[PDB]
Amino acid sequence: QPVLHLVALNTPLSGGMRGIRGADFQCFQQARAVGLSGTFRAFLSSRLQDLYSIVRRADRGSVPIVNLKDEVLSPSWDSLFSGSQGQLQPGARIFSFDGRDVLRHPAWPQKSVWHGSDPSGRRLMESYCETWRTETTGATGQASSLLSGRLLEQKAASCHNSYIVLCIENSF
């Protein structure tokens, strides 16, 4: 049964992530540290990339999305970008690579997730912290409150905030 893992980085990050190459490298390093074999990319839109396109086309329609512990979060990647704003089922849990529940652990003081995307997973050039290069208070990035059970809520948040960053396995 194919599945794609959605896992959080071990620490929150502000909008200044050294760009998408920086965020992607963190996903690579942290997955490798725990023995995960798949290819993990940061769950973020950037200048040249829409979040929606990060998962291989063949795995977008019918491969369930699961957390680190293989608990099912969504029936497919496409389901998240239907316009529901990435609604997860109640009680859904998201774990970091080292096994901590991001909602129950104090290491993530703010339960919001950076994404820089609209509800269909397309890039928001005016709201992605200058492609994740700045943490200045005046700049914004599109983020979502995990407390509301959604991954793609449309909140423009100051880039100076330290939020949860997710990594998605790009293919089974």
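Don't overthink the numbering: it's just position in the shown sequence, from 1.
Look up the CA B-factors in the entry and say which stretch, 50-58 or 22-30, has the higher mean.
-> Averaged over C-alpha atoms, the B-factors run higher in 50-58.
36-44 versus 115-123 - which carries the larger mean C-alpha B factor in the record | Looking at the record's C-alpha B-factors, the answer is 36-44.
Given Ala143, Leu146, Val66, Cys129, the residue at which the Cα B factor reaches its maximum | Highest CA B-factor of the listed options: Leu146.
Sort the modelled residues of this chain by their C-alpha B factor and say whether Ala157 lands in the lowest, middle or highest third.
-> CA B-factor rank for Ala157: highest third.
Ranked against its chain, the third holding the CA B-factor of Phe97 = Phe97: CA B-factor falls in the lowest third of its chain.
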